[PDB]
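To begin, one chain is listed below as structure tokens, in the form deposited in one PDB entry.
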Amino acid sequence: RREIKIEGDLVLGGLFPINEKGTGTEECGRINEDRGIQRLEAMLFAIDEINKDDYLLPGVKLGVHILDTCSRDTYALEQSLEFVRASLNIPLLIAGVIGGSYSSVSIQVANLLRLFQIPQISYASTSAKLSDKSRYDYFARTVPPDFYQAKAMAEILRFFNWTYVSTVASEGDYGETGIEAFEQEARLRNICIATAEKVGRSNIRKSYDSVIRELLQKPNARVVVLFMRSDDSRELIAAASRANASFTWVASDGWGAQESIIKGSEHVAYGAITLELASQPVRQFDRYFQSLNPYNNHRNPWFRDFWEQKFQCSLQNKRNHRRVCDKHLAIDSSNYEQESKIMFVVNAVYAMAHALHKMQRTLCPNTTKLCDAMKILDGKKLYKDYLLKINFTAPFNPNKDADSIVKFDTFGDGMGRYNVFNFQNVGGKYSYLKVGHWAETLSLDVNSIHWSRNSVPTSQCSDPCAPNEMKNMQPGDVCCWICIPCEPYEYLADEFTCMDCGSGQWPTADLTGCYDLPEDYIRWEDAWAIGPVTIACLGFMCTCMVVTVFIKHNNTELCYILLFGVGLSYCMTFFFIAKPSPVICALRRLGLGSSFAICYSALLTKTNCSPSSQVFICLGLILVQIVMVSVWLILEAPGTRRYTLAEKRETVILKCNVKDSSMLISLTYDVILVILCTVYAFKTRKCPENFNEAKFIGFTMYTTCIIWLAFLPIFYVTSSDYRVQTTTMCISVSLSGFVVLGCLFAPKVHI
């Protein structure tokens, strides 16, 4: 409990964790060799250089005032009253405070200092709570917060195309706040978490083993995002050693590049990506620090205590338990290492020096050897104006690459530069090697990855579907999508269910590929209807021969009328053509019905035995009825059948959908009436002709009646298609023509 103090025009405050936190009666016990002592001389070294150099505050001497905090909230808070007691041992005003290595310690000091308008810059505080300027108006950091660590790993997953990931955390401010930041960044970049959970401080292997087992049940995620401290980091690796599996670890600053994390379990941690803060070593500081001895370092009171603890020797009042310190003893590089945050401490000291120099230059134009009116200091002008807007190169830069520029953002947070460390096996010996950097955009070296590019783990949920054959549905989580197959005869849907085009459309690779591709009465007539047509053609040839001999004979008109009906029926089969037409279909139906009517009515005159005029008049009535349908709006253009239920690629329309429906009913009614009259008339007549003629006339009547009766069920069960519809019509008309010609030509041939 002492205080470094050096008189000067301006003095900078100091708060360092010189003594580690203790318990019992003593508030703080052993001295901190690295966090406290090493950072103590770094600020003293930096402040000494400022005075020596004439390019920064030439006529202004910067003082020093450092107070121990012992890593305790209550003790550090009560030690900050000295910096404010003189703003109302002679008290002296404090220009600013450069201290605070623990987030809890800095929070307590920031709350007290913000009320009294005293700017403060911390050198290691990475808490996200201090980023809320509403609660802490006057606070700045030379180190990035924990927000950027989540952002850096968020871009890592996007760069490696990792979407299905598992996140873990730890109890405390670090684990809880860090894991929340990752979720916000992942939402914008489209990364979904899996089995997210947190671990406690119970330090029980049973709980840790349960966490490891909880990763086993989810094998789609082989990458684990770590937001836990170094204390329990080794425990999880040790826990993961039992029942080992394959996992990829994406850790944070807690793991870092420290080799103490892995101890005999370097197989489960293989191929792990860890983030560590970038910190170049300071060459000048090493020479300065090694030249410190208790003989001349009277300013630092804690130096004597540090020497006793580090060397386990006593300088004054040495007892027999502890040997007296040997002479000519100095610290050397054999057992000395640089603290990871030395450059941050130096930058913090330079931040006020540059800010004070700028404020001195402006508020004291053409002045030196102290200032004018720089006795009372305004926090708002110095901090919010002349401290947040700072851009100067990092002092003592080993390479002067100019990439490291000390500046403060809108919230006062320092620039965020991180290092991506990859864990790999080289020469059979595991080691850490940096494989990239993260200033503002993630940069990675693919070639720098060794023995880990063989697999390139992905851990991706919902591998994209192919909309051509299966559609997409919404699962329980929006991020993942499931493949659902839809029926093949509907067009592609981008994200929704496949909408149905209708009937007769065949979708293709295009999204709107489905279109009307109707068939034109698919040519099954060559296989099916050709036979009846060839038979009909043979009948037509026989009819032509029958006509030729009848024409040659001159009374050796009734035969011509009967022959005309047979000839008209012959072309009925050829009337049906694959080419669609709204007039040919109507004409073919009317012609077929008319031909049957005249042929059937021809035998009516023979049974009754002037008569020619009546037959012609009766024939005209049948023709008038046939053309009566075409007069109305019954006729229409052919259209594809609505066979939505049937899985037919193409639709064929040949009957116009209005002709066969109406003509078949009309033709059947007309045929039935004439057939019934002829049958009754034949029986009533007492054979008013030759014996052969009477038998032939009677036999012909039964043949047409039997054929018409047999064809009646065929019409109902035709199921009009490209083949059955044409075959049924051709077969039925062929039988009627042959029967009429068979019973007429045969009696003439015999006689």
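Rigid core: the largest C-alpha set superposing within 1.5 Å between the two forms. When you see a residue number, it is the position in the sequence shown, counting from 1.
Not pictured, yet referred to below: the form deposited in another entry.
TODO: Identify which of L563, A351, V268, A394 has its C-alpha displaced by 2 Å or more between the shown form and the other one once the rigid core is superposed.
DONE: With the rigid core fitted, the residue that moves is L563.
Task: Core fit, then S134 C-alpha moves 2 Å or more between the shown form and the other one - done: No: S134 shifts by under 2 Å between the shown form and the other one.
TODO: Superpose on the rigid core, then tell me if the C-alpha of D721 is displaced by 2 angstroms or more between the shown form and the other one.
DONE: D721 C-alpha, core-superposed: shift of 2 Å or more.
- [ ] Return yes or no for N32: a CA shift of at least 2 Å between the shown form and the other one, with the rigid core superposed?
- [x] No, the C-alpha moves less than 2 Å.
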